[PDB]
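The chain below stands alone, shown as structure tokens; this is the form deposited in one PDB entry.
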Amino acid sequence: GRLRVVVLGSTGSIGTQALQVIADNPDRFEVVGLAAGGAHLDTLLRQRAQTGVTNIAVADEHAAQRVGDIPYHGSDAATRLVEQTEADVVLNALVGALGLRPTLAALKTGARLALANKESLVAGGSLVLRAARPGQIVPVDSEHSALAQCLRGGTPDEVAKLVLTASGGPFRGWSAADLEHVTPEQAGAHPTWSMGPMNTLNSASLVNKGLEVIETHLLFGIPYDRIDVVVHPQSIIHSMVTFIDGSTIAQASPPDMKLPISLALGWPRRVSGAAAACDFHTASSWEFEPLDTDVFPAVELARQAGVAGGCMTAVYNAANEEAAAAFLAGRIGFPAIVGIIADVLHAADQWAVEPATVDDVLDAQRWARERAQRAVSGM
């Protein structure tokens, strides 16, 4: 039958791609809610006109006053929309901190949560896990989507290892000496139109992969010592699972986010024609190589944060956001990003306590941000 879908973050890359999948598949999906920030208010208003969906939310009060007929407006607009809208699936594609409360509200309604928002798991951790019931959260990103599919290859008890693939970034194979010279431009600083400026840099620094490893632990309940990373420059294999008998099951497709988005929306049922398949009529190779963890320690650091638990992964991520922004601003060199994360993390053991509230998560993030600022400035 038809799934009723709420799209939170409807004007970003994931949300707009999801709306395309939904427009292509009216027999499978109907939009019953849209939420956005207000920075792209014009897009949201066009979406209302196009879909006919009037059940919309705008977070920015200032933006909302340009309109006069938006039912949900102001800081917790998305949350209130989620609380009051009958839906089968909530796609949470909101950015950063504003994803957390709508995640918690989505879980409470009993809807399936198709989760793109990284902060919900990386920062919210045990708050989100204690709120979700088994199978409720379906991951939207390609690696986690790949893992969910490969885990079908056996029972939970038959799993030996999860292996996430990583592109390796623009500096794959670079030495420590090479990294010293890295400029914001080289590391992917471009005013690109849809994605965020952090995404390309987090890829380059291996911090993105670190974040994906944390999310993997929380999504699938696999110990950190059983979550490996391999560099795979083609990004065709999106991740793999090794079972206790020696068998490895991998998911492969040409890079296209409509695949994992369509599957998250329809889970557990695949959406016919979502993406193009691998074509073996032409010759290709799929290459694998180890990550040099001496040059790129961001994943080791993520495992350290994850094992410590509580709010430590919130600290990891907040330290990154601050350090990464300082590098793009010319305040630090490239290797200093992960260097500052390590230094902030090693001072952060007070945050190993489990959060009781969203406010507790916010407090850890505040401390981490300030601590990282002090590291950058020399204070």
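Start at 1 with the first residue shown and count on from there.
The form deposited with a small molecule bound is left out here; the points below concern that form.
Think of it this way: in the entry with it bound, the small molecule has a heavy atom of just one of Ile137, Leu98, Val299, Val163 within 4.5 Å, and the residue is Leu98.
Proximity to the small molecule in the entry with it bound, defined as a heavy atom within 4.5 Å, singles out one entry of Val307, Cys278, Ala176, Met195, which is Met195. Contact check for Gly124, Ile214 and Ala352: none of the three has a heavy atom within 4.5 Å of the small molecule in the entry with it bound. The stretch in contact with the small molecule in the entry with it bound, judged by heavy atoms within 4.5 Å, is 31-39, chosen from 31-39, 308-316, 342-350, 325-333. Mapping the unseen interface onto this chain, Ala93 counts among the residues with a heavy atom inside 4.5 Å of the small molecule in the entry with it bound. Taking the partner from elsewhere, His73 is found to have every heavy atom lying beyond 4.5 Å of the small molecule in the entry with it bound. A residue is said to contact a partner when one of its heavy atoms sits within 4.5 Å of a partner heavy atom; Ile14 meets this definition for the small molecule in the entry with it bound. Interface membership of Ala116, defined by any non-hydrogen atom within 4.5 Å of the small molecule in the entry with it bound, is confirmed.
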